[PDB]
């Protein structure tokens, strides 16, 4: 396995460059992301397999995610704990080229549009999702997850009677105008940005009433998504229908990341607080609940702290992945 160590920093997200086959970036934070600086690491893998830092940027607060600019080979976005997102050009040192400041709390995710390749998305502890152009200071659109069951039972004057978190959001790589998100209220939200606010979202219960931490679109099947969360299950859904497959007890503790393979329609990867990374076969593409091994393909166990970041290699031998964790390690390995 190929390795790189980030001294004193914990990995929260990792992504391969969409332009350079041997380049990846890691978003990290000091003190397990709880307090102190953040740091963006730009890493290169050479012919030998040695991972080398080619650039890095220290930030004021912890970094929770990153997204490479799908339209510019030298640009990469980070999501920061102070509610900002910051866009960097890797040619420069020290500072970003743009700061995006609207979120009121920690930004936990950011993702680039793969269809138009122009815009990006952010999701925040403030309960909102924002769509941005890198060329504009102000957001283009704000989306707020509001499940029908949640909304109905919550008192309208809730904010003034003393008695939520959007962990991940993603653009569909199939439909320019579809956005999927998962919230701490256990609902996945599906937005069609063509429709007006208050009438643009469908919501569904995904993780037992416990926090839903992660969601991802299938790269080959337009209506197929996966979710993961605090009930230790991976669920696979058909949005045009909704549970088509379930992997109960996929992990021993909460699942922080799920991500579908960009090489196969039936392969996905999960990362967990149980300090493992697992590769799964979607057997419905029969279910995983009935199979003797639950469609488990590979269990990567080398991380010694919570695994928060995982990404599939785009180019090269299909089945290579990068994972990062609260052990300060980035590992590159083949899950087959």
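Numbering follows the first chain given and starts at 1.
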{"item": "Where residue 163 meets residue 164 in the shown sequence, the number of deposited residues left unmodelled", "value": "10 or more"}
{"item": "Size class of the missing deposited segment between residue 241 and residue 242", "value": "10 or more"}
{"item": "Mean Cα B-factor comparison, 314-322 or 17-25, giving the higher one as deposited", "value": "314-322"}
{"item": "Selected stretch [higher average CA B-factor]: 140-148 or 79-87", "value": "140-148"}
{"item": "Criterion, highest CA B-factor; candidates, 30, 270, 48, 304", "value": "48"}
{"item": "Residue with maximal Cα B-factor (values as given in the PDB entry) among 134, 198, 127, 184", "value": "198"}
{"item": "Residue 73 CA temperature factor, ranked by third within the chain", "value": "lowest"}
{"item": "Third of the chain, ranked by Cα B-factor, where residue 39 sits", "value": "lowest"}
{"item": "Where the record places residue 158 (Cα B-factor, split into thirds across the chain)", "value": "highest"}
{"item": "Cα B factor band for residue 274 (lowest, middle or highest third within the chain)", "value": "middle"}
{"item": "Ranked C-alpha temperature factor of residue 246 among modelled chain residues, by third", "value": "highest"}
